[PDB]
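So the protein sequences, as listed, match chains Q, 2 and A. For the deposited numbering, count along the first sequence from 1 and bump the result up by 1. Residue 18 in the deposited numbering sits at position 18 of the second sequence, with consecutive numbering throughout. For the deposited numbering, count along the third sequence from 1 and bump the result up by 12. Just below is one structure, and these are the notes that go with it.
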Amino acid sequence: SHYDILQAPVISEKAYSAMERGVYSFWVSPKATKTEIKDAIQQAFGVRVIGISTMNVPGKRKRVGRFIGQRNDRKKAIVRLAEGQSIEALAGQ
Amino acid sequence: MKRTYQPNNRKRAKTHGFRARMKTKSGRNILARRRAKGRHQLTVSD
Amino acid sequence: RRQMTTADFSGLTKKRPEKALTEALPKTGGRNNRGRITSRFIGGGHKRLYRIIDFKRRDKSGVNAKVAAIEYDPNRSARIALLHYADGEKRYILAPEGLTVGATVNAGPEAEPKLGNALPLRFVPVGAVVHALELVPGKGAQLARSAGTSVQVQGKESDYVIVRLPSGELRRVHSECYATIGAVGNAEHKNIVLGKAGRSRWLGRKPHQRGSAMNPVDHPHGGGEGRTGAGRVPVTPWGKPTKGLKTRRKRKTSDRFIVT
RNA sequence: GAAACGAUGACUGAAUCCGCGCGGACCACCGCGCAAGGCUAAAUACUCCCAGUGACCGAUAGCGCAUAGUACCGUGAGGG
RNA sequence: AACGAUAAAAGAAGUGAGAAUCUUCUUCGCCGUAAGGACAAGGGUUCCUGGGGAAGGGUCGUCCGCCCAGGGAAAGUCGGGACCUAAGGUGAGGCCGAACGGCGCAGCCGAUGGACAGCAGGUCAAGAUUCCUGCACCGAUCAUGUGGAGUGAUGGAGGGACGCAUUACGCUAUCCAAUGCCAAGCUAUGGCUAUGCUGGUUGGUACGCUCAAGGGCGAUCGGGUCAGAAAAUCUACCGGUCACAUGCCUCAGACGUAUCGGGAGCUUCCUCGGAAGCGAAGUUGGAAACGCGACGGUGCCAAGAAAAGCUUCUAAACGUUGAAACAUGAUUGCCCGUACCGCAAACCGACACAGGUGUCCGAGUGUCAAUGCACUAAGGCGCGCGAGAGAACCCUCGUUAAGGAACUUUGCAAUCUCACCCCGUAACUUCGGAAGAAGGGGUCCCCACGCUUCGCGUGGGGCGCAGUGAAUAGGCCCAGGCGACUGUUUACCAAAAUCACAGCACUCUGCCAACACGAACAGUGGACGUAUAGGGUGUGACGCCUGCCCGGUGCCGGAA
Ligand SMILES: [Mg+2]
Ligand SMILES: [Mg+2]
Ligand SMILES: [Mg+2]
Ligand SMILES: [Mg+2]
Ligand SMILES: [Mg+2]
Ligand SMILES: [Mg+2]
Ligand SMILES: [Mg+2]
Ligand SMILES: [Mg+2]
Ligand SMILES: [Mg+2]
Ligand SMILES: [Mg+2]
Ligand SMILES: [Mg+2]
Ligand SMILES: [Mg+2]
Ligand SMILES: [Mg+2]
Ligand SMILES: [Mg+2]
Ligand SMILES: [Mg+2]
Ligand SMILES: [Mg+2]
Ligand SMILES: [Mg+2]
Ligand SMILES: [Mg+2]
Ligand SMILES: [Mg+2]
């Protein structure tokens with residue numbers, strides 16, 4: 002459904018500083034399309050989406066043991082809206 | 001000195017691959033023999 | 013004639029007229045079947061294509077035609093004659109010695125014994141000289157397509173005509189087979205001196221390799237210290253000189269006085 | 001081998017109950033049996049696995065491993 | 001013993017527990033057809049930020065490609081998939097096979113190739129034909145309106161569509177010159193006071209009657225049915241007509257105007273370092289591609305993919321009052337790859353290895369030319385042990401008295417020789433060659449005259465021991481043996497007198513050919529070849545020639 006299929010919002014210097022261009026971003030579920038993501042994000046925050054991009058991220062640290070690593074494997078989607086802006090109250094982070 | 005090993009992804013996948021062991025039973029023989037080998041790792045995860 | 017060359021390490025060539033380049037199948041080079049190499053060598057080449065060419069020439073019967081151009085194509089070693097028919101259909105045929113450009117060629121059983129015309133042996137005049145002969149009605153012409161070759165007619169039997177194949181072999185070929193008047197022109201290939209090593213390569217790969225160079229493992233003639241050999245035999249110890257490699261067969265009674 | 005009999009690969013190809021196969025060339029007696037249709041637990045074999053015990057080991061032993069077919073070697077099969 | 005190339009380093013300044021090695025400044029030497037830059041394969045966070053100091057780093061270490069944590073990678077158009085096909089793989093049916101299995105038409109898979117819609121800038125510490133700004137373009141679904149009627153298939157046709165070498169013309173990238181234009185400033189050393197010095201000198205989009213080499217195109221009526229299975233207005237034909245040079249079609253690229261960028265620098269602020277604001281001129285002359293115009297021109301023999309998209313034509317079907325086509329907004333753009341290394345410290349080599357790795361770009365000066373040679377630009381780097389000593393010996397170089405091969409298996413090695421111009425050049429010869437034979441001479445600078453372009457010749461003059469002033473740079477000849485020749489070969493002791501080689505000969509083979517692979521009356525290779533062909537064998541350009549003996553052996557023929 003709508004509320005999963007997008008996991009968690011990205012947090013960084015160049016992340017929420019770009020939250021101010023009306024551009025938001027979050028890690029979504031790796032098997033997803035731009036369309037399903039559009040539907041989801043729009044049906045979540047009630048704003049139409051023009052700008053969309055998405056990408057695919059690796060993994061692989063380790064610390065201890067012979068354990069030597071694992072890939073965690075995220076995906077980060079980035080959205081621009083039309084002049085309708087400011088998602089929820091949570092664009093105010 | 002050009003070495004014996006000249007890595008090619010699509011090659012190591014064409015020969016040796018799981019899908020490659022599919023086509024014949026010498027390779028499926030290899031599969032089951034490897035499964036019981038201990039828990040080894042059969043070719044294309046490596 | 014032929015082309016010649018001043019002294020730069022050279023001899024001969026051939027002389028090719030009538031330029032077109034028209035409409036036919038591709039082909040690929042290879043020397044062997046599912047396994048290893050069967051027919052030895054000839055793995056080279058200039059990457060020729062293939063011109064599907066009519067041999068049998070049946071369905072054009074009763075319909076006349078004009079020679080368009082004469083093009084010189086590999087996989088042939090003959091002049092290819094282009095034909096246009098009254099049908100509107102274009103077709104390729106071989107080009108006999110002394111066929112001008114734009115003569116009239118007609119097929120069928122009624123046709124007149126003139127150059128290029130297709131017509132069965134039963135109609136072929138006594139002692140006449142023709143090429144492109146079928147062994148069997150239909151299929152195609154397996155006889156006299158080569159460099160400067162022809163076959164004449166030695167008599168009649170019942171359905172059969174006595175023909176002279178160009179080894180100088182007498183044979184019985186039934187009169188139900190189409191034939192083409194004249195000898196395949198081909199200039200004369202025996203003339204062309206094939207230049208130097210690699211003029212081979214031009215058409216096909218590295219030629220004869222003497223087993224006497226080889227080693228006991230490789231060929232019979234192999235081994236020894238010097239240049240020599242004893243017992244005279246090929247890949248397998250059959251031997252080349254005067255051993256009939258033929259078998260006892262059907263067409264063997266359709267053959268009369270084969271000698272040479 | 002004196003080689004019977006079962007068994008088929010190729011040619012052949014009988015009888016049917018005063019009948020047929022056998023009994024180690026073959027014959028006659030004399031016995032024993034009745035082919036060319038099928039199914040049929042049990043007593044037998046084995047140990048991935050669970051339990052119990054041992055004039056079995058106890059860290060260079062005991063399974064390769066007090067867990068790892070991991071690290072590590074090889075293109076690979078494979079080894080370890 | 002070694003610390004992995006003899007491309008040297010030096011001082012100051014910083015930081016720190018500690019510095020030859022980390023940071024900064026200023027110099028120095030090195031690459032610069034690379035030792036710079038961009039990609040592919042492959043590697044897999046090695047990238048960036050802030051840390052860290054065990055091990056790894058051939059010393060050190062505050063440092064790193066190592067350790068920790070966080071961040072960073074954006075696509076309707078680029079490359080791939082939702083398109084097509086080559087070799088190959090596959091393969092219902094089908095042809096074989098003790099099994100497992102070997103085959104195989106269509107079809108299908110399969111880029112290395114075909115097809116296919118954007119460019120210009122900006123910038124995070126780290127992405128960019130992806131994000132943002134400016135202006136594009138493609139297909140799709142639909143809405144107003146035009147039109148106001150046919151669309152026009154797994155099928156036909158056209159077209160995709162292809163070689164090598166050489167070459168006329170026009171242009172661009174791009175580089176060069178200048179008492180062009182613009183900007184900044186001071187320059188002293190003896191002078192110059194600008195006529196010096198340094199730097200900068202147009203990219204995209206748009207219209208435009210401007211300029212333009214080059215480039216490719218005949219048009220319609222109709223005829224035969226026998227041709228494209230059928231169909232046809234499409235195509236192939238035989239014919240009639242108008243088209244010979246003018247003619248049509250497009251314009252690479254230049255020019256103008258516009259406009260959006262960029263641009264030497266410039267100003268301000270500075271958290272000690274980058275942010276932010278601004279903005280000049282854009283000339284004349286020359287050179288010039290392997291790129292573009294183009295699918296150009298001519299010649300040559302060995303005669304140079306397929307298939308879709310695409311263009312036209314019907315079959316069928318629905319509609320012929322609401323078609324195809326157009327622009328006019330809107331809506332729409334799915335999947336995967338994009339970081340970094342990528343001639344190497346990150347790929348393959350156990351190694352931070354003198355090795356290996358395919359494509360692209362690769363500046364200037366001097367030099368006949370040049371990707372050569374020397375020096376340099378942009379860019380990158382001095383090779384992760386140092387410092388002294390100046391013995392034998394050892395390696396790599398430099399010069400050498402008198403002699404000049406006396407050395408030695410052998411002139412092995414190392415000299416000499418060297419470029420370009422002129423003159424000149426033998427036996428022998430297959431009349432091509434031998435030949436760069438052999439020799440001899442010129443070479444720099446200034447001035448006048450001339451000339452067919454950079455320049456060149458003539459004359460005169462000047463300087464040095466010397467003027468391809470440094471680097472790149474053949475010693476030569478006389479006889480032979482072997483092979484004719486280019487070529488090929490023993491990955492790691494043999495490159496040859498070996499193999500191959502054109503040419504020549506013997507013989508086999510009538511075509512489901514002999515011959516070869518094969519569980520097989522499968523299939524395939526010979527060959528989509530056919531007896532101036534295809535196999536096997538041995539000789540080895542070319543020239544003169546190839547003798548005697550078949551008893552024995554093989555081979556063909558015969559018949560008591
Ligand atoms: Mg880590
Ligand atoms: Mg030998
Ligand atoms: Mg032998
Ligand atoms: Mg021998
Ligand atoms: Mg070192
Ligand atoms: Mg140095
Ligand atoms: Mg230098
Ligand atoms: Mg250390
Ligand atoms: Mg200037
Ligand atoms: Mg190093
Ligand atoms: Mg240069
Ligand atoms: Mg001396
Ligand atoms: Mg001297
Ligand atoms: Mg001596
Ligand atoms: Mg001596
Ligand atoms: Mg020497
Ligand atoms: Mg030689
Ligand atoms: Mg050697
Ligand atoms: Mg003789």
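Heads up, the beta-carbon is just placed ideally off N, CA and C, and yes, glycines get one too.
Rounded straight-line distance, which links the Cα of residue j to that of residue i
i, j, result
"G47 (chain Q)", "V58 (chain Q)", "28 angstroms"
"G52 (chain Q)", "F27 (chain Q)", "14 angstroms"
"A81 (chain A)", "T192 (chain A)", "18 angstroms"
"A90 (chain Q)", "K39 (chain Q)", "19 angstroms"
"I204 (chain A)", "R14 (chain A)", "7 angstroms"
"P249 (chain A)", "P232 (chain A)", "8 angstroms"
"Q6 (chain 2)", "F18 (chain 2)", "21 angstroms"
"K151 (chain A)", "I105 (chain A)", "15 angstroms"
"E181 (chain A)", "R10 (chain 2)", "58 angstroms"
"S51 (chain A)", "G207 (chain A)", "24 angstroms"
"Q221 (chain A)", "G41 (chain A)", "21 angstroms"
"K32 (chain Q)", "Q8 (chain Q)", "12 angstroms"
"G47 (chain A)", "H58 (chain A)", "25 angstroms"
"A159 (chain A)", "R213 (chain A)", "20 angstroms"
"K37 (chain 2)", "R43 (chain A)", "44 angstroms"
Buried versus exposed, by CB contacts within 10 Å (16 or more), residue i
i, result
"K72 (chain A)", "buried"
"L33 (chain A)", "exposed"
"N118 (chain A)", "buried"
"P108 (chain A)", "buried"
"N129 (chain A)", "buried"
"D74 (chain Q)", "exposed"
"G243 (chain A)", "exposed"
"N198 (chain A)", "buried"
"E146 (chain A)", "buried"
"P132 (chain A)", "buried"
"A83 (chain Q)", "exposed"
"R28 (chain A)", "exposed"
Per DSSP, cross-strand counterpart(s) of residue i
i, result
"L182 (chain A)", "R176 (chain A)"
"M56 (chain Q)", "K77 (chain Q)"
"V50 (chain Q)", "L82 (chain Q)"
"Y97 (chain A)", "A77 (chain A)"
"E83 (chain A)", "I92 (chain A)"
"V24 (chain Q)", "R81 (chain Q)"
"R62 (chain Q)", "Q71 (chain Q)"
"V117 (chain A)", "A77 (chain A)"
"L145 (chain A)", "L155 (chain A)"
"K102 (chain A)", "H96 (chain A)"
"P108 (chain A)", "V196 (chain A)"
Collapsed DSSP secondary structure at residue i in the structure displayed
i, result
"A33 (chain Q)", "coil"
"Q41 (chain 2)", "coil"
"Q166 (chain A)", "strand"
"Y17 (chain Q)", "helix"
"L133 (chain A)", "helix"
"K11 (chain 2)", "helix"
"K39 (chain Q)", "helix"
"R43 (chain A)", "coil"
"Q8 (chain Q)", "strand"
- Message: At 4 residues or longer, what runs of the alpha helix (DSSP H) sit wholly inside the segment 186-266 of chain A?
- Response: 211-215
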